[PDB]
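Participant: Encoded as structure tokens, here's the structure I'll be asking about.
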Amino acid sequence: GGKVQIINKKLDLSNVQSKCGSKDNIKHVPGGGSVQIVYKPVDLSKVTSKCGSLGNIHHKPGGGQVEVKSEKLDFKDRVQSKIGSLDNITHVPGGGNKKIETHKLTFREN
Amino acid sequence: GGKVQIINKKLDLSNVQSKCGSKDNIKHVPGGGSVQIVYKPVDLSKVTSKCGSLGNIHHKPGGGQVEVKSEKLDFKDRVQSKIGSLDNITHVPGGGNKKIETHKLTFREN
Amino acid sequence: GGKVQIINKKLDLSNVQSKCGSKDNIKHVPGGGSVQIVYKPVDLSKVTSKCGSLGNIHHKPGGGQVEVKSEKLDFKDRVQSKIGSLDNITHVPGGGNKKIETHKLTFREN
Amino acid sequence: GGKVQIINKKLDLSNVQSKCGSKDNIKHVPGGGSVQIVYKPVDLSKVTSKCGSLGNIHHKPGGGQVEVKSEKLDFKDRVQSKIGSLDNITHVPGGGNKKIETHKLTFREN
Amino acid sequence: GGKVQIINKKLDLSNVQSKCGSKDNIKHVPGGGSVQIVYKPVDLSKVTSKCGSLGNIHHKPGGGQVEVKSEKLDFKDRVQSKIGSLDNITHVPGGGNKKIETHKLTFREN
């Protein structure tokens, strides 16, 4: 067989993780007078820290699925839309002091 | 067989995790006069810290599923929409001091 | 067989991770009076730090799937749209002091 | 067999990761009065730091899939659109003080 | 067999990664009154730092797939569009003080 021997003496291990992976000041504003909106944002962000680790120690790991990590994401969408007639009309006849704002988006970071 | 021998003496292990993975100041505002909105944001953010760990120690791990981690997400959507007629009308006749704002979005970070 | 022998003495291991992988000031604004919007942004950002690690120690790892990491993302979309007639009309007859703004987007970083 | 022997004495390992992989000030604004928008931006940015690591130590790793890492992304889209008639009309008859702005985008970095 | 022997004594390893791989001030603005937009930007930017590492130590790694890393991205799109008639008309008859701006984009970096 296979002997595995590990000797540790007077070691000093330190792992510090600070302010990692935080989410601050996020705004989700879908809409705006649309018809169909499928809103599925997906986050898989991994922030990993490690210090002085070690893996698995197996002897003859054979047969089937051993130490298998499987991840499956299914996001198959089917979106259908039937519209007889769609009109976006801005009808401003006559005369005066008129100011019409439609779908106006403003971003001021400052 | 396979002998596994581990000796530890006078070790010092330290793992510090501070302010990791927090969620602050998140706003979800879907809508806006739409028709169909499927709002499924998905978060899988992993913030892991470790220090001086060790894996599994198995002898002949064979047969079937052994130490198998499986993750499956099913987000299959089926969205259907039937509209005979859709009108977005801004009709401003006559004359005066008129100010019409429709679907106006403002972001001031300052 | 295969002997694996490891001797560690008077080591000093340090892993520091600070302010890594954070998400700040993100704005999602889909819409704007559209018809079909499939909004699926996907994030797989990995920020990894390590110090003094070691892998797996296996003896004759043979048969099936051993130490297999599998990731599968399925984002197959099927978007259909049927419109009899789509009109975007800006009809401004007559005479006065008229200011019409449609789909105006402003970004001021400052 | 194959003997693997490792001796470490009076080592000093340090791995520092600071402000890596952060996402700040991102704006997603799809729309603008379109018909079909498939919005699937994909991020796979890997920011890795390491110091004094070591790989796997296997003896006769043969048979099937051993230490196999597999990643599969499926983003096959099928977008269909049928429009009988699409008109974008800016009809400004008559006479006055008229200012019409359509799909105006402004970026001021300053 | 093949003996692998490694002796380390009084080493000093340091790996510093600072402000690497960050994403700041990104704006995604698709749309503008189009018909079909498939918006799939893909990021695979890898920013790696390492110091004093070592690979795998295998003895007779033969059979099947051993230490195989596989990455597959499938972004096959199928976009179809049928339009009976598409008109972009700017009809400005009569007489006055008229200023019409359509699809005007301005970038001021300053």
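Using Swiss-Prot numbers, chain A covers 589-698, in order.
The backbone N, Cα and C atoms fix where each Cβ goes, and this holds for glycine too.
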Participant: Of the residues A:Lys657, A:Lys670, give the one that Swiss-Prot describes as glycation site.
Facilitator: A:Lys670
Participant: Select, from A:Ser633, A:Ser641, the one residue given the annotation phosphoserine by Swiss-Prot.
Facilitator: A:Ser641
Participant: Which of the listed positions, A:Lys597, A:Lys611, does Swiss-Prot note as glycation site?
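Facilitator: Swiss-Prot records glycation site at A:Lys597.
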Participant: A:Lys686 (ubiquitin cross-link): which of the recorded positions A:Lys615, A:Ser622, A:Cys639 is the nearest Cα neighbour?
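Facilitator: Nearest candidate: A:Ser622.
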Participant: Can you tell me how many other Cβ atoms are located within 10 Å of the Cβ belonging to A:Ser602 (phosphoserine)?
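Facilitator: Within a 10 Å radius of the Cβ of A:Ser602 (phosphoserine) lie 20 other Cβ atoms.
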Participant: Which residues does A:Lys591 (site 'Not glycated') neighbour through Cβ under 8 Å, counting only same-chain ones at least six apart?
Facilitator: none
Participant: Cβ atoms within 10 Å, counted per site: which of A:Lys611, A:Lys660, A:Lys687 has the most, among these recorded positions?
Facilitator: A:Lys611
Participant: If you count other CB atoms within 10 A of each CB, which of A:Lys597, A:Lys598, A:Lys615, A:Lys686 wins among these recorded positions?
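Facilitator: Most Cβ neighbours within 10 Å: A:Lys686.
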Participant: Out of A:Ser602, A:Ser622, A:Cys639, which of these recorded positions is nearest A:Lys670 (ubiquitin cross-link) by C-alpha distance?
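Facilitator: Out of the listed candidates, the nearest Cα belongs to A:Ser622.
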Participant: Taking the Cβ of A:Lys664 (ubiquitin cross-link) as the reference point, list residues of the same chain whose Cβ is under 8 angstroms away and which are at least six residues distant in sequence.
Facilitator: none
